[PDB]
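Take a look at the structure below.
Below, chains carry the letters A, B, ... as their sequence lines are ordered, and counting in each starts from 1.
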Amino acid sequence: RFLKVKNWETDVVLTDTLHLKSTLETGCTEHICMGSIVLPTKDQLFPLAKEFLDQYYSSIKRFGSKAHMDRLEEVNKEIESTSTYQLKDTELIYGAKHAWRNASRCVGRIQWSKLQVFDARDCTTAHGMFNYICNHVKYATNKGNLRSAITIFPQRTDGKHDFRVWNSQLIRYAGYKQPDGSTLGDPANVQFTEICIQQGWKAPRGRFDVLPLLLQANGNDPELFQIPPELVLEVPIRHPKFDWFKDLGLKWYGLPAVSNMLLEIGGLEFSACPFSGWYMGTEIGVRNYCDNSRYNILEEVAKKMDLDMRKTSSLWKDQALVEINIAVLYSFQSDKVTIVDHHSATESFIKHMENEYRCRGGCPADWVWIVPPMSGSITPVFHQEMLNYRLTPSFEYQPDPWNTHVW
Amino acid sequence: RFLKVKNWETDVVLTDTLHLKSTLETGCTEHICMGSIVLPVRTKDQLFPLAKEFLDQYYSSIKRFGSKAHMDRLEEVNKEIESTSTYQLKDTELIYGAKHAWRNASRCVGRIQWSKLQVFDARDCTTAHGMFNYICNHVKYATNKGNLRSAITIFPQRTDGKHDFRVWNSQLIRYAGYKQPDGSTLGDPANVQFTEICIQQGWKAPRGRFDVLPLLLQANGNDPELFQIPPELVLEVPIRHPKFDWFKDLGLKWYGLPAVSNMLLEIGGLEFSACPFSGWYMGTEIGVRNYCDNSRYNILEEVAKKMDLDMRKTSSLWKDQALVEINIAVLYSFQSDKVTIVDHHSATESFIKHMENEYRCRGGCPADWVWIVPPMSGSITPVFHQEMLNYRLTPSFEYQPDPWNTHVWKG
Ligand code: HEM
Ligand code: HEM
Ligand SMILES: Cc1cc(N)nc(C[C@@H]2CNC[C@@H]2OCCNCCc2cccc(F)c2)c1
Ligand SMILES: Cc1cc(N)nc(C[C@@H]2CNC[C@@H]2OCCNCCc2cccc(F)c2)c1
Ligand SMILES: C[C@H](O)[C@H](O)[C@H]1CNc2nc(N)[nH]c(=O)c2N1
Ligand SMILES: C[C@H](O)[C@H](O)[C@H]1CNc2nc(N)[nH]c(=O)c2N1
Ligand SMILES: [Zn+2]
């Protein structure tokens, strides 16, 4: 029932009681652990609504009050007659902040309660979506002093009227396969980049082409839109000591803004719900630049540091990886754009765990995702036992709509 | 029912059917994953099925499943069990047994090596002194003057669990750590408690940053007794850096032979509570963990100082810079002295070919992602991008409590 988590660096032991209020399934059984797998009705809706509203009213310390009780009735009546219901603004804001609070894969949740919510449930068209998004981008960016935000489009209905942002992030770079055989730009977005061009995007066909947005309103065929270039804050990448570094022509964008997820609040499904905070340095320096499936630039970088690339045991990949990441951090900082390093992020996430443990009775955390893709054991989270479980409200991965929609 | 794992870098999808032969539990449920938790006397009743399972396995793999030879051995073990309540493994079974425990060790990146394991059978051992000598020979053979070879020594199985063979050291070779009256430890901090226990049994401690602790050995459930590994048997590598000449002046060395002595080898239901095993190091075990954990030698501060890194903001990645140099030094030192070591790139790459081969020939390979991915440079090693299934197969190595917590003293 009660379960302990031990930190093996500090010996601090925490007791998790929050898991018993756990809802969905993990993918694991008594027989098999799936911790490292990336993807493991009126009757159905009311329990979900009730469960959500009970946590809301308890959170505002009016559990069992008439204000509480009255609301449970109204939602039930609306379900029985309308087949869905609408969240109050208070509920929407609480629902959103908690979906982030419950995201077991996010190292940055110390911040969870500072989420600016933009209610875009009155949106009806893709142009409308584009407007709400540009406003999201500008508010969030704040000329480099980034602030967390999420924008919530209308909730699923019969499911054929879904609002969706097709891009996986508001801001990402194109990818083109070349007659050469290699790939120009980001090969993560190759498919999506063709889909855009296959819908009349004049792609400048470069390495760092900011992609156009594909907005789907009300289950309609989606449309292209170019984020005002002045709204996309980008950072040229230089090193505090390697002068030649800029000659690689590396740039990255300041705003990570995840837009392919599904927000579930009290049984309601918000299928377009882009949110954004700010980067941990390693997301760009380690993953975006150094993954083989990505910009994959280690080979070329080590070659400029004059490192011995003849044997893996010289650790040249490792030397170059550090420098690449020093440079990302330095570049963003020089330009006063919010970024956080993995030491500082993970340190803040331990403080946030301890808070969640005494304050909430626990904190679902996915260790595989929380530990940075560099220097794991020199970050405090490496030594921290974490329990992983699915609470609601939540964000959930949804598959690329192009796999789904018809025209 | 088949399960698939994806490699997110290569898009290679594998199909695991071996998880179907798993019986033991994981600590996980449909409602909780305990994937990151470190730790999540047997009756005749339960024993024969475990024997039977095991021997069905052995005979399958030698291609004798169903043979008169297989049925005879089942019957013979059967009888032996109800007559004497336990049973003895044949040699061929013991060897098969201990290879498979390593094979099934899901937290072990070194398994491409599994079929090459030198089993020493120490099941005629009866005293601690007997234990010392078996172990000395283990260490000599395994070392092989720096050209390390994998080995395990198996002392007698548990009986009533009142007569256990134990090695009190968690590794056969490990440095002392001595807590000072001011809170600083002198030496490796992981071994403070064991160090004191040794000191208590009358070991006279040199008290330096690198003293090789004595073996504490328990035979037949008896109290244990001290013993010095002969120093000429203990291969050590002083740590220097290829370009940094001041690195040697930090006075660091490490031992060559990693030899886990605190685990339990279960084969066909039998429990071998002393089965020290040894292989060779992946460099990061020393360079990242042993040296750079805060709870270990903690040399980061000292190394980065000497390198003149900017130490006033963590965002200089000074800590990350110093970590790499230390790891370069470890691999450099070991190669220079011709002591076997493998780097984390080479090791994870081998594990991937191993894993892939293990799906092809065995229908799977249990693997614990959290332990397999190295504790530095995770994503630039290919295991990071590897989906893994973790499950428990027997034979197996199990953790067991430190015995001073359990052992009842005779005095
Ligand atoms: C404020 C700074 C933030 C930091 C530093 C941060 C950090 C991260 C990181 C490092 C990851 C995994 C990254 C990856 O490799 O893909 C992640 C995942 C995630 N984060 Fe955050 N986060 C922040 C803000 C937010 C916000 C505002 C939300 C939503 C309100 C959020 C929700 C999520 C979710 C749902 C995931 C899992 C994504 C997936 O499955 O692909 N985070 N976070
Ligand atoms: C060929 C040399 C080997 C290499 C490079 C290697 C690699 C490793 C590493 C790096 C670990 C985890 C290290 C740690 O953090 O404690 C490990 C764990 C383990 N290995 Fe190996 N291994 C090797 C040989 C062996 C052998 C010969 C056996 C048994 C015959 C074995 C069985 C195990 C077991 C049971 C664990 C888990 C230990 C625990 O849970 O504390 N390995 N392996
Ligand atoms: C297949 C699949 C499943 C899943 N759940 N997720 C993905 C996105 C991939 C995975 N891992 C990297 C990449 O996502 C790209 C990075 N995501 C940014 C997370 C972040 C950081 C700071 C602030 C934020 F608002 C958000 C793919
Ligand atoms: C509590 C607990 C449970 C468990 N299963 N294990 C431990 C040992 C920890 C793991 N990490 C630090 C320390 O183990 C240090 C010893 N690990 C060497 C593994 C190895 C490498 C190469 C060849 C070999 F034969 C063996 C503690
Ligand atoms: C297969 C494995 O689960 C996969 O590569 C994971 C590992 N940990 C991760 N961790 C984070 N933060 N982001 C990721 O994309 C991944 N990928
Ligand atoms: C809490 C966490 O499970 C623990 O610190 C683990 C993580 N992964 C590890 N991986 C290896 N190889 N060795 C370890 O000691 C650990 N420690
Ligand atoms: Zn699990």
Side-chain angles (χ1 to χ4, degrees), chain A residues 3 5-6 8-10 19 22 25-38 240 281 286-287 290-293 298 312-315 317-319 321-322 325-326 329-330 333 341 343-344 347 365-368 371-378 382-390, chain B residues 3 5-6 8-10 19 22-23 25-38 283-284 288-289 292-295 300 314-317 319-321 323-324 327-328 331-332 335 343 345-346 349 367-370 373-380 384-391:
Chain A
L3 296 166
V5 275
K6 180 168 171 182
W8 289 87
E9 193 190 324
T10 41
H19 77 285
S22 162
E25 275 159 89
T26 51
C28 301
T29 84
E30 309 95 75
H31 288 295
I32 194 141
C33 182
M34 292 204 168
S36 80
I37 313 320
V38 175
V286 186
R287 306 295 320 276
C290 298
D291 275 22
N292 273 269
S293 73
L298 271 172
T312 60
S313 36
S314 79
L315 307 203
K317 287 191 175 157
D318 308 65
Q319 293 212 272
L321 177 76
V322 174
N325 281 267
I326 285 167
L329 296 177
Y330 170 84
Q333 290 167 146
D341 70 72
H343 298 295
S344 156
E347 192 211 347
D366 180 340
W367 182 108
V368 175
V371 180
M374 80 178 293
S375 301
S377 55
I378 75 178
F382 183 91
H383 306 272
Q384 179 63 57
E385 300 196 334
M386 294 173 194
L387 281 164
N388 195 207
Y389 47 93
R390 316 234 306 174
Chain B
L3 294 169
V5 276
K6 197 173 158 165
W8 286 85
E9 197 176 23
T10 61
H19 70 275
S22 174
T23 46
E25 285 178 350
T26 51
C28 286
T29 67
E30 300 83 273
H31 291 108
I32 205 135
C33 172
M34 305 207 319
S36 90
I37 313 288
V38 193
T284 51
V288 191
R289 308 301 308 288
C292 292
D293 276 10
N294 274 158
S295 285
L300 286 176
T314 73
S315 43
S316 52
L317 296 206
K319 228 158 162 158
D320 309 72
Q321 301 208 248
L323 177 64
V324 172
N327 280 272
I328 282 165
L331 290 148
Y332 172 68
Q335 276 145 187
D343 69 69
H345 305 290
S346 177
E349 180 168 353
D368 174 350
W369 196 96
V370 170
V373 182
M376 73 174 293
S377 310
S379 84
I380 60 157
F384 184 91
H385 307 275
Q386 185 64 48
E387 303 195 336
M388 292 171 202
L389 296 170
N390 194 196
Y391 45 87

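With a 4.5 angstrom heavy-atom cutoff, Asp291(A) touches chain B only via side-chain atoms. Using a 4.5 Å cut-off between heavy atoms, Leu331(B) touches chain A through its side chain atoms alone. At a 4.5 Å heavy-atom cutoff, the contact between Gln384(A) and chain B is made by backbone atoms alone. The contact between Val370(B) and chain A is made by backbone and side chain atoms together, counting heavy-atom distances below 4.5 Å. Only the side chain of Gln335(B) has a heavy atom closer than 4.5 Å to any heavy atom of chain A. With a threshold of 4.5 angstrom between heavy atoms, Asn388(A) approaches chain B through its backbone and through its side chain. For a residue to count as touching a neighbouring chain, one of its non-hydrogen atoms must lie under 4.5 Å from one of that chain's; by this rule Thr10(B) does not touch chain A. Using a 4.5 Å cut-off between heavy atoms, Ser346(B) touches chain A through backbone and side chain atoms alike. When heavy atoms are compared at a cutoff of 4.5 Å, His31(B) approaches chain A by way of both its backbone and its side chain. The part of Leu321(A) that comes within reach of chain B is its side chain, from C-beta onward, which places non-hydrogen atoms under 4.5 angstrom from that chain.
Between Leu3(A) and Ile37(B), the closest side-chain pair of non-hydrogen atoms is not below 4.5 Å. Residues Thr26(B) and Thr29(A) fail the side-chain proximity criterion, which asks for heavy atoms closer than 4.5 Å. Contact annotation: the side chain of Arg289(B) approaches that of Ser377(A) to within less than 4.5 Å [non-hydrogen atoms, C-beta and beyond].
Remark: side-chain polar atoms of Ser36(B) are paired, donor with acceptor, to backbone N or O of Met386(A) under 3.5 angstrom.
Ranked by heavy-atom pairs under 4.5 Å with chain B, the first of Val5(A), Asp366(A), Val38(A), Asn325(A) is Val38(A). Heavy-atom pairs under 4.5 Å with chain B peak, among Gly376(A), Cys290(A), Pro240(A), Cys28(A), at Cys28(A). Contacts with chain B were tallied for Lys6(A), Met34(A), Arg390(A); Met34(A) has the most, counting heavy-atom pairs under 4.5 Å. Of the listed residues (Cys33(A), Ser293(A), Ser22(A), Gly35(A)), the one with the most heavy-atom contacts under 4.5 Å to chain B is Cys33(A). With chain B as partner, the option from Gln319(A), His19(A), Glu347(A) having the largest number of non-hydrogen pairs under 4.5 angstrom is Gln319(A). With respect to chain A, the highest number of heavy-atom pairs below 4.5 Å among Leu300(B), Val288(B), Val38(B) belongs to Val38(B).
The heavy-atom pair separating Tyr391(B) from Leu389(B) by the smallest distance is CE2-CB, 3.9 Å. Taking all atoms of both residues into account, the shortest heavy-atom contact from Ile326(A) to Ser316(B) is CG1-O, 3.4 Å. When every heavy atom of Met376(B) is checked against every heavy atom of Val324(B), the shortest pair comes out as CE-CG2, 3.6 Å.
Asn292(A) and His385(B) share no side-chain donor-acceptor pair at under 3.5 Å.
Between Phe382(A) and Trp8(A), the distance from one ring center to the other does not fall under 6.0 angstrom.
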